[PDB]
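Right, one structure below, let's go through it.
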Amino acid sequence: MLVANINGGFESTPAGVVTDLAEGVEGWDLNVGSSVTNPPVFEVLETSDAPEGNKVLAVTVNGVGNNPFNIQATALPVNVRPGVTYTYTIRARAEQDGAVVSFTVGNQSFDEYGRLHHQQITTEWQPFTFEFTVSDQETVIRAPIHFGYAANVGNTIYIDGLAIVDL
Ligand SMILES: [Ca+2]
Ligand SMILES: [Ca+2]
């Protein structure tokens, strides 16, 4: 496959809890804002029902901050071409009922190209997909996933298989 993003399924990363949030995971930038007093646990998990490969990323939300983006996992770099339309697809599920995630893509100047907004994540793996167009002249963009919804407190959200494909 040809994909714009790197390590979309976490398969390059050693299993374990991630403490180096910015650079612990190839292809991703994880971040927790200082308003999150009870920090989440980010973990690359080896599990037999990973949708892709052997690994997934697990995000255990123990608290939240002021905005959903105060807990986020961002695919970076995402290599694209001006004016091209892309398909975004990812798989997600949660440990418990009642999870919410927004899947977004934007540039380095914090212009958003598109998103799937407050998606309802269930206890079973589902695909989440949308299209977006690089409507400016950027070639290296980012794909922030927002986890910091109050509804997620006490839950673990799993993601796998991010693929951003030239449509
Ligand atoms: Ca995987
Ligand atoms: Ca990084």
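Note that ligands are numbered from 1 as they come in the structure, with each ligand's atoms numbered from 1 the same way. We number each residue from 1, following the sequence as shown. Every heavy atom of this structure was used, including side-chain atoms; hydrogens, water molecules and symmetry mates were not.
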Taken by chain and residue number, the protein N/O/S atoms under 3.0 Å from the Ca ion (ligand 1) read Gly9 O, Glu11 OE2, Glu52 O, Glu52 OE1, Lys55 O, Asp160 OD1, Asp160 OD2
Quick check: does any side chain N or O of [X] sit under 3.5 Å from a backbone N or O of [Y], one acting as donor and the other as acceptor?
X      : Y      : answer
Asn155 : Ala94  : no
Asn70  : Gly148 : no
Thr129 : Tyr88  : yes
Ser102 : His118 : yes

When rounded to the nearest 0.5 Å, the distance separating CD1 of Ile90 from CD of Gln119 is 11.5 Å
Sorted by chain and number, protein N/O/S atoms nearer to the Ca ion (ligand 2) than 3.0 Å are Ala22 O, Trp28 O
Could you give the side-chain donor-acceptor pairs of residues 20-45 under 3.5 Å, partners two or more places apart or in another chain?
residue	atom	partner	partner atom	Å
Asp20	OD1	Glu23	N	3.0
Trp28	NE1	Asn7	O	3.0
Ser35	OG	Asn66	OD1	2.8

Could you tell me whether the side chains of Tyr158 and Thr47 share a donor-acceptor contact shorter than 3.5 Å? no
Residues at least two apart in sequence or cross-chain that pass ring pair (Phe, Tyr, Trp, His ring centres under 6.0 Å) with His117, listed by chain then number, are none
| message | Taking the cut-offs as 6.0 angstrom to the six-membered ring centre and 45 degrees off its axis, would you call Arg93 and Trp125 a cation-pi pair? | response | yes
